[PDB]
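Presented below, as structure tokens, is a lone chain in the form solved without 2,5-dihydroxybenzoic acid.
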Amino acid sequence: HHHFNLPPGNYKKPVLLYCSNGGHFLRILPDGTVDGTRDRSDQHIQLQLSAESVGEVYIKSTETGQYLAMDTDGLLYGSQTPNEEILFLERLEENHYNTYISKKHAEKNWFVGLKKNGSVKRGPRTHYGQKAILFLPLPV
């Protein structure tokens, strides 16, 4: 269903997922809520990515140990259980950025995206070409 241009991949140590269009850090709040903040000093924006298989990764918060996940409705949420919804297809974009496609919802092109206001974009609304789907893993 999708191209296989992978990013150099950085799973060695925790990182911050910085989003282009709005300029936020993907944040997984303790209550399971997902959104974004320009607070680089927020202890909930630090995430540890690990490769499930080639091109496939997990996104876990090092602070609370929650997994980023997308539900059957296209809404992102924090998960404390490793279900089939925590899998994301990690892919290079515009040659320099990273994008994440819900593995379970890959055939529908549901990416991980943050709006300029810092709220998460529901899957169906995201799509190729939006700055909302661009991320860049910056050091912690």
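Sequential numbering from 1, following the sequence displayed.
Quick note: we don't show the form solved in complex with 2,5-dihydroxybenzoic acid, though the next part is all about it.
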*Spell out, yes or no, whether the shortest heavy atom distance between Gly23 and 2,5-dihydroxybenzoic acid in the deposited complex is within 4.5 Å.*
no
*asked:* Since only the chain is shown here, I'm wondering whether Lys12 would be in contact with 2,5-dihydroxybenzoic acid in the deposited complex (any heavy atom pair within 4.5 Å).
replied: no
_Can you tell me if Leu17 lies within 4.5 angstroms of 2,5-dihydroxybenzoic acid in the deposited complex, counting non-hydrogen atoms only?_
no
